[PDB]
Structure formats: C-alpha cells, structure tokens
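Just so you know, we're using PDB author numbering here: the sequence shown kicks off at 8 and counts up by one. The next block holds one structure in the form of structure tokens; read it before the comments.
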Amino acid sequence: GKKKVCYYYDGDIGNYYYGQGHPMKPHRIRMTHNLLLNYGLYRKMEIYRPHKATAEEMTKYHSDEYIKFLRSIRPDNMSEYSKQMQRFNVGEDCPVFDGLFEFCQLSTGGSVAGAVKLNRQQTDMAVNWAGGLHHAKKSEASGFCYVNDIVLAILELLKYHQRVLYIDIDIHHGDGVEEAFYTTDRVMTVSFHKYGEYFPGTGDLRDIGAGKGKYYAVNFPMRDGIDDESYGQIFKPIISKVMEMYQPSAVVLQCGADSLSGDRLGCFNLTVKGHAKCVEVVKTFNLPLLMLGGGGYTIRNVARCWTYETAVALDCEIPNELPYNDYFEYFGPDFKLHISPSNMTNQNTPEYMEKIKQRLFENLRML
Ligand SMILES: CC[C@H](C)[C@@H]1NC(=O)[C@H](Cc2cn(OC)c3ccccc23)NC(=O)[C@H](CCCCCC(O)(O)CC)NC(=O)[C@H]2CCCCN2C1=O
Ligand SMILES: [Ca+2]
Ligand SMILES: [Ca+2]
Ligand SMILES: [Zn+2]
C-alpha cells in the first residue's frame, strides 16, 4: 500500500558554491525543496534535518589521511597543500570551496540517517536529494564527489541486511560504489549509463565483479539520445530479473537527474515521467528503499524531477501546473512540471537494447 516516507534536508545546503562556471549547483536542492513545499508534499511526509556526519562515520570507508585532508583544506591554505590536492584529486573538477567539509557532512548525514531509519523499520522509504555522490573513492575525490555517502549508507544497511541492491540511473557510471563492493556478493551494483568517450570511462558490460563479487556488478552501457520508451523497456525487465535472482532485503536507488533531456552535461533524452518510471518500478517490490540524488546540471529540470519523484514515493498525484514558488521564474516559459523530449536521434537501436539485455540476462543466470 502507501508508504511512510522520511525526507532529509538542511536549509544551508543551497549556499555551498563550487565556483564560477562549475556545473554542480547545490542551490538545485533548495529549489527542489521549495517546489515540493509549494505543492504541499510536507503534509504527507516527515521532514528531518540531517546531522553533520563525523570523521568517525566517514572512515567506516574512507582513509583517515583523506578525511583529515578534507577537514583541513580551505581556499586560504591551498598554496600550502599543492601536493596533497593532487594526491587526493582535489582541484578543478572537485574544487576547494568555502565550507567544503560541512557540505560533505550534510550530504553524508542525510544518507546515513536515512539508512539508520530504514534499519530500525521506522520508515519504508528515506529520501536524501543532497546525496548520491557515487564517484568518490576510498582516498580520492572524483567527478564533483568528495565523500561517498552511498557506500557509507550501504555499510549501515549491511549491519541488518544480508543483501543490498544498488541501482544507479545517473547518466554517469557509478564507479565509486561499484569499486567499493566489487569483490563482495553482499551488495549487487546495477548501473545504467552513457558509455564511450564519457566520464568516468568505466562501466563496460564486461565489468561483472571479481572473486566472491563475480556476477554481482551489472553495467548497462548506452549511447546518446535514449528516450522514455527505450529506457522503460529495458529497466523493468533487468530490475525484475535482478530482484528474482538476487532477492535483496533493502534497496538504494541513485536518481541522478543528468539523464534528462536538455541536461548541460548529459546527452540522454528522458522526460521526468520516463525517469520517475524507474522509481515506480523499484517501489513495486515493496522493499525498504533509500532514494538519493546525484547529477543534474539544467537545474530547473532537476527541481522538477526530484519534486515529481518525491510525489511518486508518496503515491501523490500533483498537478502539471507549477504552483507559485521562490524560484518561479526559473521554470519559464511554460511554468509546467513535466518536460518534452528533444528531436535528438536515439543512437540506442531497439536491437542494441535487446542484445545488451540478453547479455546481462546470461550473467544473471550465473547467480
Ligand atoms: C574544468 C575542469 C576539468 C579540467 C574539465 N571538466 C569538465 O569539463 C566538467 C566540469 C566543468 C565544466 N565547466 O565549464 C563548461 C567547468 C567550469 C569550471 C569548473 C568545472 C567545470 N566535468 C565533467 O563533465 C567530468 C565530471 C562529471 C562528473 C559528474 C558527476 C555525477 O555523475 O553526475 C554525480 C554527481 N569531468 C571531466 O570532464 C574532467 C576530468 C577528466 C578529463 C576532462 N575533464 C575536463 O575537461
Ligand atoms: Ca548510472
Ligand atoms: Ca558487488
Ligand atoms: Zn552524473
């Protein structure tokens, strides 16, 4: 039936700034929040402010040296940390900005708090749109991600769940989460992403895990222009097969919105309905679910996507006419919640989609 939803948000998150021209805009989390408050969704869910995750919490995965560096580095002392910055991959893609460590603490606090709430059976679904920073590595920042809140949230879930399923619908391969759990069968990682001359360069369908983790890493590489119909015809069958074979007792769904049509960095052609169809599919399995954010660089579309996905999590129909909000002008010229796909060519032929699905089904038979 309808589910209890716990949502994590800190009013300060929107003030963190990556720098002039950087595509990652934490302000998009504030726009999402303001939009869902104006739709009245606060009436249907419990809103929590996450705690700031500590160094102890972060070192359940990350190295002590890397976390000590993140806690120390500031724009005023960068000159003294030149060598350290290069070692930890902090610089241009992952800049040093005012309050960087606090931003990591808030993003992580929401994911970990959500996992705790699910473990305690106090909620059916936990939502943290400030989370989903899937590229961060044990001792290195990557692709705008510094602390891997997902890996930390999964490790929390593993205290009470023998098998955890991770699903990543961000346009980028969730390399950091895959790497952390590559040699274990206690976490199955499933990533759908653009592959071929595209960041981070990983996620080939032949990357299937290693040792005890062999067959517990699933990658669906895609080309430019995938649309709602093509994505929907592959997502439901793959996830259904994964659920049948793997039988997880908890799920983590990374909802990176950069897979939408018109994204600044992405080259997919999904609409908000096409993207949210994934949430709907995962929700039908009735398992404890942690929903996270991630990418999304055309910020009006990110707010639309995550507001609709929160409404989907709540089983609450919301009108297409956007209600007035603090960021109403960002939603012009239509002021509608839903988006139209572009006329871009879908390079993912129906035969290519079926072939990759068939190849992944062969791997799933090995479970
Ligand atoms: C200016 C920073 C980099 C020097 C530059 N990155 C980008 O163009 C851009 C960043 C960038 C673009 N502009 O202006 C057009 C910037 C302006 C200032 C700072 C950074 C950027 N980076 C990339 O696309 C990707 C990262 C994508 C991360 C997605 C994260 C997620 O999956 O969605 C989850 C949260 N990285 C790159 O392309 C980097 C590293 C590999 C080699 C090529 N790269 C780049 O040319
Ligand atoms: Ca992905
Ligand atoms: Ca694995
Ligand atoms: Zn992304």
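Each residue gets a CB set at the ideal place from its N, CA and C atoms; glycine is no exception.
Contained alpha helix (DSSP H) runs [length at least 4] in the region 122-187, N- to C-terminal order:
Entirely contained in the region 122-187, the alpha helix (DSSP H) runs reaching 4 residues are, in chain order, 156-164, 182-187.
Proximity below 8 angstroms, CB of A137 to CB of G300:
Yes. Within cutoff.
Label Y68 either buried or exposed according to how many other C-beta atoms from any shown protein chain fall within 10 Å of its C-beta, with 16 as the threshold for buried.
By the 10 Å Cβ count, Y68 comes out buried.
Using a threshold of 7 angstroms, is the CB atom of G181 nearer than that to any non-hydrogen atom of ligand 2?
At least one heavy atom of ligand 2 falls within 7 angstroms of the beta-carbon of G181.
Report the three-state DSSP secondary structure of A60 (helix, strand or coil).
The answer is coil: DSSP assigns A60 none of H, G, I, E or B.
With a Cβ-Cβ cutoff of 8 angstroms, do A187 and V225 count as a contact?
Contact: no.
Taking DSSP as the reference, what is the three-state secondary structure of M92?
In the structure shown, the three-state DSSP call for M92 is helix.
Quick test of the definition: if touching needs 3 or more C-beta pairs under 8 angstroms, does the region 120-128 touch the region 266-275?
The way I'd put it, the region 120-128 doesn't touch the region 266-275; fewer than three beta-carbon pairs between them come closer than 8 angstroms.
How about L140 and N155: do their beta carbons lie closer than 8 angstroms?
Yes, they are a contact pair.
Within 10 angstroms of the Cβ of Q112, are there 16 or more other Cβ atoms? Answer buried if so, exposed if not.
By the neighbour-count rule (16 or more Cβ atoms within 10 Å), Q112 is buried.
Sequence-distant residues of its chain with Cβ nearer than 6 angstroms to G117 (five each side left out)
Only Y15, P57, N135, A137, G138 meet the Cβ criterion.
From the DSSP output, in three-state form, read off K290 for me.
Reduced to three states, the DSSP call for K290 is helix.
By Cβ distance, which residues of its chain are closer than 6 angstroms to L260, with the 5 residues on each side in sequence left out?
Excluding five sequence positions before and after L260, the CB atoms of its chain that fall closer than 6 angstroms to its own CB belong to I174, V289, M298, given in chain order.
Any heavy atom of ligand 4 closer than 7 angstroms to the Cβ of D333?
Not one heavy atom of ligand 4 falls within 7 angstroms of the beta-carbon of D333.
May I ask which residues mark the beginning and end of the alpha helix (DSSP H) holding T39?
Secondary structure note for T39: its alpha helix (DSSP H) is the uninterrupted segment 34-45.
Quick one: Cα of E72 to Cα of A62, how far?
Answer to the nearest angstrom: the Cα atoms are 11 angstroms apart.
Spatially closest choice to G203 from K145, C274, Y46, by CA coordinates:
That would be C274, whose Cα lies nearest to the Cα of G203.
For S198: DSSP bridge partner residues
DSSP output for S198 lists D175, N226 as bridge partner(s).
Say whether the region 357-367 touches the region 80-98, bearing in mind that this needs 3 or more beta-carbon pairs closer than 8 angstroms, one atom from each stretch.
No contact exists between the region 357-367 and the region 80-98.
Would you call the region 301-321 and the region 35-53 in contact, with 3 or more CB pairs under 8 angstroms?
Here the region 301-321 lies against the region 35-53, with 3 or more beta-carbon pairs under 8 angstroms apart.
Closest to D105 by C-alpha separation, out of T291, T130, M252, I20, would be which residue?
The residue with the shortest Cα to Cα distance from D105 is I20.
Cβ pair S198, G210 closer than 8 angstroms:
Remark: C-beta atoms of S198 and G210 approach each other more closely than 8 angstroms.
Which residues bound the alpha helix (DSSP H) around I246?
235-253 is the span of the alpha helix (DSSP H), which, as asked, contains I246.
Using the Cα positions of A120 and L321, report the straight-line distance between them to the nearest angstrom.
If I take the Cα positions, the gap works out to 19 angstroms.
Spatial neighbours of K248 within its chain, please: CB distance less than 7 angstroms, with the 5 preceding and 5 following residues excluded, ordered by chain position.
Taking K248 as the centre and dropping the five residues before and after it, the same chain places the C-beta of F368, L371 closer than 7 angstroms to its C-beta, in chain order.
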